[PDB]
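S.K.: What follows is upload.cif; its format and atoms are mmCIF, C-alpha atoms and all ligand atoms.
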```cif
data_run
#
loop_
_atom_site.label_atom_id
_atom_site.label_comp_id
_atom_site.auth_asym_id
_atom_site.auth_seq_id
_atom_site.Cartn_x
_atom_site.Cartn_y
_atom_site.Cartn_z
CA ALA X 1 0.00 0.00 0.00
CA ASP X 2 3.00 2.33 0.39
CA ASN X 3 3.45 4.12 -2.97
CA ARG X 4 6.79 5.60 -2.03
CA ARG X 5 10.05 4.60 -3.58
CA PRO X 6 12.10 2.46 -1.19
CA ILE X 7 15.52 3.95 -0.74
CA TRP X 8 18.78 2.25 0.09
CA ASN X 9 20.85 4.35 2.46
CA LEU X 10 24.27 2.96 1.74
CA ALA X 11 27.00 3.70 4.21
CA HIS X 12 30.02 4.42 2.05
CA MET X 13 33.45 2.87 2.58
CA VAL X 14 32.74 0.83 5.69
CA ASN X 15 35.86 -1.30 5.74
CA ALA X 16 36.51 -1.82 9.44
CA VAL X 17 34.13 -3.99 11.40
CA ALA X 18 34.10 -1.43 14.23
CA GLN X 19 32.50 1.00 11.79
CA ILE X 20 29.57 -1.25 10.89
CA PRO X 21 27.34 -0.63 13.91
CA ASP X 22 28.22 3.10 13.91
CA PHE X 23 27.02 3.53 10.34
CA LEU X 24 23.93 1.40 10.92
CA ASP X 25 23.28 3.50 14.04
CA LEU X 26 23.44 6.63 11.85
CA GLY X 27 20.56 5.06 9.92
CA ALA X 28 22.12 3.20 7.00
CA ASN X 29 20.09 0.17 5.89
CA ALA X 30 23.03 -0.83 3.75
CA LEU X 31 26.74 -0.47 3.59
CA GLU X 32 29.50 -0.50 1.08
CA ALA X 33 32.89 -2.09 1.50
CA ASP X 34 35.89 -2.04 -0.82
CA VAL X 35 37.29 -5.45 -1.55
CA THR X 36 40.92 -5.47 -2.41
CA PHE X 37 42.51 -8.24 -4.37
CA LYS X 38 45.94 -9.78 -4.19
CA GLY X 39 45.89 -11.51 -7.51
CA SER X 40 42.58 -13.33 -7.73
CA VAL X 41 42.42 -13.45 -3.95
CA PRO X 42 39.96 -11.11 -2.27
CA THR X 43 41.98 -10.00 0.73
CA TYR X 44 40.87 -6.91 2.64
CA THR X 45 38.06 -4.59 3.02
CA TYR X 46 40.14 -1.52 2.42
CA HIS X 47 39.84 1.58 0.37
CA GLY X 48 43.15 3.41 0.74
CA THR X 49 44.08 7.00 0.04
CA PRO X 50 42.81 9.20 -1.44
CA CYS X 51 39.25 9.00 -0.20
CA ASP X 52 36.30 11.25 0.45
CA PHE X 53 37.10 14.40 2.32
CA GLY X 54 36.34 14.09 6.02
CA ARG X 55 37.06 10.34 6.05
CA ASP X 56 39.89 8.28 7.34
CA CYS X 57 40.83 6.24 4.24
CA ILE X 58 42.75 3.34 5.73
CA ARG X 59 40.34 1.44 7.99
CA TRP X 60 40.39 -2.21 7.04
CA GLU X 61 39.60 -5.78 7.85
CA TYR X 62 40.41 -9.19 6.44
CA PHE X 63 37.75 -9.95 3.91
CA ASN X 64 36.64 -13.19 5.64
CA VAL X 65 36.39 -11.49 9.02
CA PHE X 66 34.42 -8.65 7.48
CA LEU X 67 31.98 -11.10 5.87
CA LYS X 68 31.65 -13.07 9.08
CA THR X 69 30.86 -9.87 10.90
CA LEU X 70 28.25 -8.91 8.31
CA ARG X 71 26.72 -12.32 8.90
CA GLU X 72 26.42 -11.52 12.66
CA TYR X 73 24.50 -8.32 11.97
CA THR X 74 22.25 -9.90 9.35
CA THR X 75 21.33 -13.29 10.71
CA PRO X 76 17.89 -13.32 12.38
CA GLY X 77 18.22 -14.55 15.94
CA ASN X 78 21.86 -13.52 16.19
CA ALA X 79 22.56 -11.39 19.27
CA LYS X 80 23.93 -8.73 16.95
CA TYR X 81 21.10 -8.94 14.41
CA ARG X 82 19.97 -5.68 12.86
CA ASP X 83 16.74 -6.21 10.96
CA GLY X 84 17.31 -2.80 9.37
CA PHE X 85 20.54 -3.94 7.66
CA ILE X 86 19.33 -5.37 4.37
CA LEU X 87 22.03 -5.03 1.76
CA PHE X 88 25.68 -4.57 1.25
CA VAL X 89 27.71 -3.58 -1.75
CA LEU X 90 31.05 -5.18 -2.33
CA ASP X 91 33.07 -2.76 -4.39
CA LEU X 92 35.32 -5.37 -5.88
CA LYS X 93 38.67 -3.86 -6.82
CA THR X 94 39.43 -6.19 -9.73
CA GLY X 95 40.59 -3.37 -11.95
CA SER X 96 44.22 -4.52 -11.86
CA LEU X 97 43.55 -8.14 -12.52
CA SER X 98 44.96 -9.82 -15.57
CA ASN X 99 42.34 -11.63 -17.60
CA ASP X 100 43.34 -15.05 -16.15
CA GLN X 101 42.64 -13.75 -12.67
CA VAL X 102 39.11 -12.48 -13.32
CA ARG X 103 37.08 -15.70 -13.38
CA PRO X 104 39.00 -17.19 -10.41
CA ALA X 105 38.48 -13.92 -8.54
CA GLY X 106 34.71 -14.43 -8.96
CA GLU X 107 35.08 -18.02 -7.73
CA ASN X 108 37.15 -16.81 -4.82
CA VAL X 109 34.58 -14.20 -3.83
CA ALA X 110 31.79 -16.75 -4.15
CA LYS X 111 33.73 -19.14 -1.91
CA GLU X 112 34.35 -16.39 0.60
CA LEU X 113 30.72 -15.33 0.71
CA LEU X 114 29.59 -18.94 0.78
CA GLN X 115 31.87 -19.86 3.73
CA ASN X 116 31.83 -16.64 5.68
CA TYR X 117 28.67 -14.82 4.94
CA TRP X 118 26.18 -17.54 4.10
CA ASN X 119 27.89 -20.07 6.30
CA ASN X 120 27.58 -22.71 3.57
CA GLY X 121 23.81 -22.29 3.49
CA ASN X 122 23.64 -22.93 7.23
CA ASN X 123 21.71 -20.03 8.70
CA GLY X 124 23.65 -17.57 6.58
CA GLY X 125 23.31 -13.80 6.70
CA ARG X 126 20.06 -12.64 5.12
CA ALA X 127 21.19 -9.36 3.56
CA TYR X 128 21.26 -8.86 -0.16
CA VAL X 129 24.69 -8.52 -1.74
CA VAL X 130 25.57 -6.36 -4.72
CA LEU X 131 28.74 -7.37 -6.50
CA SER X 132 30.10 -4.13 -7.87
CA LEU X 133 32.70 -4.63 -10.61
CA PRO X 134 34.70 -1.76 -12.07
CA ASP X 135 34.80 -3.15 -15.60
CA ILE X 136 31.96 -4.43 -17.79
CA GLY X 137 34.67 -6.65 -19.28
CA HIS X 138 34.93 -8.55 -15.98
CA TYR X 139 31.72 -10.45 -16.54
CA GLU X 140 33.58 -13.80 -16.21
CA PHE X 141 33.98 -12.92 -12.54
CA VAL X 142 30.19 -13.25 -12.35
CA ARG X 143 30.19 -16.44 -14.38
CA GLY X 144 32.83 -17.91 -12.04
CA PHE X 145 30.91 -16.66 -9.03
CA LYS X 146 27.65 -18.25 -10.15
CA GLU X 147 29.39 -21.50 -11.04
CA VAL X 148 30.79 -21.90 -7.53
CA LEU X 149 27.43 -21.29 -5.83
CA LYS X 150 25.57 -23.64 -8.16
CA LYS X 151 28.33 -26.31 -8.02
CA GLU X 152 28.23 -26.17 -4.23
CA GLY X 153 24.49 -26.76 -4.29
CA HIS X 154 23.58 -23.19 -3.33
CA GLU X 155 22.11 -21.73 -6.51
CA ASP X 156 19.31 -20.42 -4.30
CA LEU X 157 21.80 -17.99 -2.69
CA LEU X 158 21.96 -16.20 -6.05
CA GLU X 159 18.48 -14.94 -5.09
CA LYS X 160 20.43 -12.72 -2.67
CA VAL X 161 23.02 -11.56 -5.14
CA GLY X 162 22.92 -8.63 -7.49
CA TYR X 163 25.35 -7.01 -9.82
CA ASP X 164 26.66 -3.62 -10.74
CA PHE X 165 29.07 -3.43 -13.65
CA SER X 166 30.41 0.10 -13.33
CA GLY X 167 33.22 1.01 -15.68
CA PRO X 168 35.84 1.04 -16.87
CA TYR X 169 36.17 4.84 -17.14
CA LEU X 170 38.80 4.55 -19.87
CA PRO X 171 39.23 4.58 -22.85
CA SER X 172 35.58 5.66 -22.65
CA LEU X 173 32.70 5.44 -20.20
CA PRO X 174 30.41 2.45 -20.80
CA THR X 175 27.18 3.02 -22.59
CA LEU X 176 24.02 1.57 -21.09
CA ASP X 177 23.77 -0.75 -24.11
CA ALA X 178 27.33 -1.96 -23.43
CA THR X 179 26.49 -2.50 -19.77
CA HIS X 180 23.28 -4.36 -20.60
CA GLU X 181 25.22 -6.62 -22.98
CA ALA X 182 27.82 -7.29 -20.30
CA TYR X 183 25.03 -8.50 -18.01
CA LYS X 184 23.78 -10.74 -20.79
CA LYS X 185 27.32 -12.08 -21.20
CA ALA X 186 27.44 -12.70 -17.42
CA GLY X 187 24.14 -14.62 -17.67
CA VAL X 188 22.61 -11.91 -15.51
CA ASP X 189 18.99 -11.20 -16.37
CA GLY X 190 18.06 -9.31 -13.24
CA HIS X 191 19.24 -8.13 -9.83
CA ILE X 192 20.96 -5.29 -11.63
CA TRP X 193 22.07 -2.19 -9.81
CA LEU X 194 23.52 0.83 -11.57
CA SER X 195 25.86 3.21 -9.82
CA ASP X 196 26.39 6.83 -10.80
CA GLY X 197 28.07 10.04 -9.55
CA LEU X 198 31.69 8.95 -9.17
CA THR X 199 32.65 10.05 -12.68
CA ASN X 200 32.09 13.62 -13.86
CA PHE X 201 34.52 14.40 -16.66
CA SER X 202 31.59 15.89 -18.55
CA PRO X 203 28.97 17.31 -16.15
CA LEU X 204 26.50 18.01 -18.97
CA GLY X 205 26.83 14.40 -20.20
CA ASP X 206 26.85 13.08 -16.63
CA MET X 207 23.59 14.89 -15.89
CA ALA X 208 22.47 13.33 -19.17
CA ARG X 209 23.93 9.95 -18.21
CA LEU X 210 22.00 9.76 -14.96
CA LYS X 211 18.74 10.85 -16.58
CA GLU X 212 19.43 8.32 -19.36
CA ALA X 213 19.87 5.59 -16.75
CA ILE X 214 16.72 6.73 -14.96
CA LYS X 215 14.79 6.72 -18.22
CA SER X 216 16.29 3.30 -18.99
CA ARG X 217 15.47 1.89 -15.55
CA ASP X 218 11.91 3.10 -15.98
CA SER X 219 11.56 2.03 -19.63
CA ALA X 220 9.23 -0.83 -20.55
CA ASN X 221 12.06 -3.25 -21.32
CA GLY X 222 14.59 -1.90 -18.84
CA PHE X 223 17.28 -4.09 -17.30
CA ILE X 224 18.33 -1.83 -14.42
CA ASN X 225 16.48 -2.53 -11.22
CA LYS X 226 18.01 0.10 -8.96
CA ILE X 227 20.13 3.15 -9.40
CA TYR X 228 22.34 4.35 -6.63
CA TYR X 229 24.25 7.59 -6.56
CA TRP X 230 27.80 7.68 -5.26
CA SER X 231 28.10 9.78 -3.12
CA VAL X 232 25.84 12.30 -1.41
CA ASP X 233 26.52 13.83 2.04
CA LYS X 234 24.60 17.14 2.07
CA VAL X 235 20.91 17.70 2.62
CA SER X 236 20.60 19.61 -0.64
CA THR X 237 22.29 16.98 -2.77
CA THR X 238 20.44 14.18 -0.93
CA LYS X 239 17.15 15.82 -1.80
CA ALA X 240 18.34 16.35 -5.39
CA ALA X 241 19.26 12.71 -5.67
CA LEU X 242 15.87 11.60 -4.38
CA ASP X 243 14.18 14.10 -6.59
CA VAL X 244 15.90 12.92 -9.78
CA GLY X 245 14.56 9.49 -8.89
CA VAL X 246 17.48 7.39 -7.57
CA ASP X 247 16.80 4.25 -5.50
CA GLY X 248 19.92 4.39 -3.45
CA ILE X 249 22.13 6.99 -1.94
CA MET X 250 25.69 6.19 -1.09
CA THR X 251 26.78 8.50 1.67
CA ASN X 252 29.42 9.14 4.27
CA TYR X 253 26.71 10.29 6.62
CA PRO X 254 23.63 8.03 6.61
CA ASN X 255 21.98 10.27 9.17
CA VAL X 256 21.50 12.95 6.48
CA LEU X 257 19.14 10.84 4.34
CA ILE X 258 17.27 9.67 7.45
CA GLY X 259 16.50 13.34 8.21
CA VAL X 260 15.60 14.17 4.61
CA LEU X 261 13.25 11.20 4.45
CA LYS X 262 11.40 12.63 7.47
CA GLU X 263 10.86 16.01 5.79
CA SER X 264 7.69 17.33 4.17
CA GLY X 265 7.88 16.87 0.41
CA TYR X 266 10.13 13.84 0.94
CA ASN X 267 8.24 11.69 3.42
CA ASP X 268 5.34 11.46 0.96
CA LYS X 269 7.52 10.20 -1.88
CA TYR X 270 10.49 8.33 -0.50
CA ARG X 271 11.00 5.94 2.38
CA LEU X 272 13.80 3.86 3.83
CA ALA X 273 13.89 0.40 2.23
CA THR X 274 13.19 -2.56 4.46
CA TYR X 275 13.93 -6.22 4.01
CA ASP X 276 10.62 -6.71 2.26
CA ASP X 277 11.59 -4.26 -0.46
CA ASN X 278 13.20 -6.56 -2.99
CA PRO X 279 16.36 -4.77 -4.14
CA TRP X 280 16.05 -6.55 -7.48
CA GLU X 281 12.59 -5.20 -8.12
CA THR X 282 12.37 -2.06 -10.21
CA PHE X 283 10.15 0.43 -8.43
CA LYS X 284 6.97 1.05 -10.44
CA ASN X 285 5.75 4.50 -9.57
MG MG B 1 34.20 1.76 -2.64
#
```
Starting from the coordinates I provided, produce the structure as structure tokens.
Ligand SMILES: [Mg+2]

M.R.:
Amino acid sequence: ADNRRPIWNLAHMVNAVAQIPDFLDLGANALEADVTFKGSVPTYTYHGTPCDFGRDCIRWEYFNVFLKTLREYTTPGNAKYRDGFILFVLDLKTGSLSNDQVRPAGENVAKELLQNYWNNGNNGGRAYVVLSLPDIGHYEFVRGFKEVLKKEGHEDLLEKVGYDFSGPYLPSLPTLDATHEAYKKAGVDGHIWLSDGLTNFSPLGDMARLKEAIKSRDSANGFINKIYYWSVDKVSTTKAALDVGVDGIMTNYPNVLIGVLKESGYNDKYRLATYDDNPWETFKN
């Protein structure tokens, strides 16, 4: 009965486990963590310098420990369970991988999530996971990822998994068509998130890009389920993001969106997503 767009309030760059409850306490229903790779091996949650102004850039955790901790906060019945914590984005830093490393990196991430987050299908964490890849050309990561989960008898866990192919930013930015095709190549026919905001080498075209993605998401045969804007920390820009029609707001300060959502002119149109808002479902106005 609620006609309002569910919004994902994504805590940006939450790479230390100590930071998780703090960001959820600020009101995030989601968080984002940067997954570093040593070869094909996902190793740390760690962003590194430079990072957003006003942020310490070098908080980190071992990937497995981070995933295990996410499990704690997202397993019903767990002492640490937060029913408000419904999704996380893994910003997979595969950008330096040689081609041979890409598929195994997907397998490795799948294995990590399987073991540490989903506990091999044994009362795993319930949050949705967005695999964010920085290259549409890394679709074999997704193929490798899916293979592992299916081969291990946990294809059903793919219900919890979504994808965001975002980049590369050189030689040129990806078109939507190119992105859509990359999903097709990954065997991905839904659970598609699109991220925007991080590139602005052409503000006119970036304005255009976002609107194009919004139009695409809302088109009859659209492939994008959710659009999230990296990042937004001010009330004004938070409102602007909501107003242009994004589904998710990546932010250093989740408390900002919480406040905006409570405001007149916002509380009638937008609301904080809950677990029952399928992140893979395109919002129909
Ligand atoms: Mg990141």

S.K.: Quote the spacing between CA of residue 191 (chain X) and CA of residue 128 (chain X) in Å to one decimal place.

M.R.: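 Straight-line distance from CA of residue 191 (chain X) to CA of residue 128 (chain X) works out to 9.9 Å.
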
S.K.: Using all atoms listed in the file, pick whichever of X:37, X:23, X:229, X:223 has the shortest atom-to-atom distance to residue 176 (chain X).

M.R.: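 Closest to residue 176 (chain X) of all the choices is X:223.
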
S.K.: Would you name the residues within 12 Å of ligand MG 1 (chain B), counting all atoms listed in the file, and put them as a count of residues only?

M.R.: 40

S.K.: Hey, which of X:253, X:201, X:125, X:165 ends up closest to residue 82 (chain X)? Count only C-alpha atoms.

M.R.: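 The shortest atom-to-atom distance to residue 82 (chain X) comes from X:125.
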
S.K.: For residue 284 (chain X), work out the shell of residues within 12 Å, counting only C-alpha atoms and skipping chain neighbours fewer than 3 positions away, then give it as a list in words.

M.R.: residues 2, 3, 4, 5, 6, 217, 218, 219, 220, 222, 225, 226, 245, 247 and 281 of chain X

S.K.: With C-alpha atoms kept, could you save the residues just selected as a PDB file, keeping the file's coordinate frame?

M.R.:
```pdb
ATOM      1  CA  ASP X   2       3.000   2.330   0.390  1.00  0.00           C
ATOM      2  CA  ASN X   3       3.450   4.120  -2.970  1.00  0.00           C
ATOM      3  CA  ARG X   4       6.790   5.600  -2.030  1.00  0.00           C
ATOM      4  CA  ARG X   5      10.050   4.600  -3.580  1.00  0.00           C
ATOM      5  CA  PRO X   6      12.100   2.460  -1.190  1.00  0.00           C
ATOM      6  CA  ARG X 217      15.470   1.890 -15.550  1.00  0.00           C
ATOM      7  CA  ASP X 218      11.910   3.100 -15.980  1.00  0.00           C
ATOM      8  CA  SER X 219      11.560   2.030 -19.630  1.00  0.00           C
ATOM      9  CA  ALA X 220       9.230  -0.830 -20.550  1.00  0.00           C
ATOM     10  CA  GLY X 222      14.590  -1.900 -18.840  1.00  0.00           C
ATOM     11  CA  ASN X 225      16.480  -2.530 -11.220  1.00  0.00           C
ATOM     12  CA  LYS X 226      18.010   0.100  -8.960  1.00  0.00           C
ATOM     13  CA  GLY X 245      14.560   9.490  -8.890  1.00  0.00           C
ATOM     14  CA  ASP X 247      16.800   4.250  -5.500  1.00  0.00           C
ATOM     15  CA  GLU X 281      12.590  -5.200  -8.120  1.00  0.00           C
TER      16      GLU X 281
END
```

S.K.: For a quick check of understanding, using all atoms listed in the file, which of X:108, X:145, X:39, X:254 has the smallest distance to residue 24 (chain X)?

M.R.: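 Closest residue, counting all atoms listed in the file: X:254.
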
S.K.: Give me the residues near residue 78 (chain X) as a ChimeraX atom specification, where near means some atom within 12 Å (using only C-alpha atoms) and where sequence neighbours in that chain fewer than 3 positions away do not count.

M.R.: /X:69-75,81-83,123-126

S.K.: Can you measure CA of residue 65 (chain X) to CA of residue 117 (chain X) for me? One decimal in Å is fine.

M.R.: 9.3 Å

S.K.: Can you tell me how far CA of residue 113 (chain X) sits from CA of residue 21 (chain X), in Å to one decimal?

M.R.: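 Result for CA of residue 113 (chain X) versus CA of residue 21 (chain X): 20.0 Å, one decimal.
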
S.K.: When you look at residue 115 (chain X) with a cut-off of 10 Å (counting only C-alpha atoms), what residues show up, excluding the ones that are within fewer than 5 positions of it in the same chain? I need them as a PyMOL selection string.

M.R.: chain X and resi 64+67-68+109-110+120-122+124

S.K.: Using only C-alpha atoms, which of X:209, X:55, X:262, X:143 sits nearest residue 174 (chain X)?

M.R.: X:209

S.K.: Using all atoms listed in the file, which of X:153, X:167, X:259, X:95 sits nearest residue 27 (chain X)?

M.R.: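 Nearest candidate to residue 27 (chain X) out of X:153, X:167, X:259, X:95: X:259.
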
S.K.: Applying 12 Å and all atoms listed in the file, which residues near residue 175 (chain X) remain after dropping the ones on its own chain fewer than 3 positions away? List them as a list in words.

M.R.: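 After dropping sequence-adjacent residues, the list is residues 136, 165, 166, 167, 168, 169, 172, 178, 179, 180, 181, 182, 194, 205, 206, 208, 209, 210, 212, 213 and 216 of chain X.
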
S.K.: Would you list the contacts of region 97-102 of chain X as number ranges by chain, taking every protein, DNA or RNA residue within 7 Å and counting only C-alpha atoms, but skipping same-chain residues closer than 2 positions in sequence?

M.R.: X: 39-40, 94-95, 104-106, 138, 140-141

S.K.: Here is a test: counting all atoms listed in the file, which residue of X:129, X:204, X:232, X:188 is nearest to residue 161 (chain X)?

M.R.: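 Counting all atoms listed in the file, the residue closest to residue 161 (chain X) is X:129.
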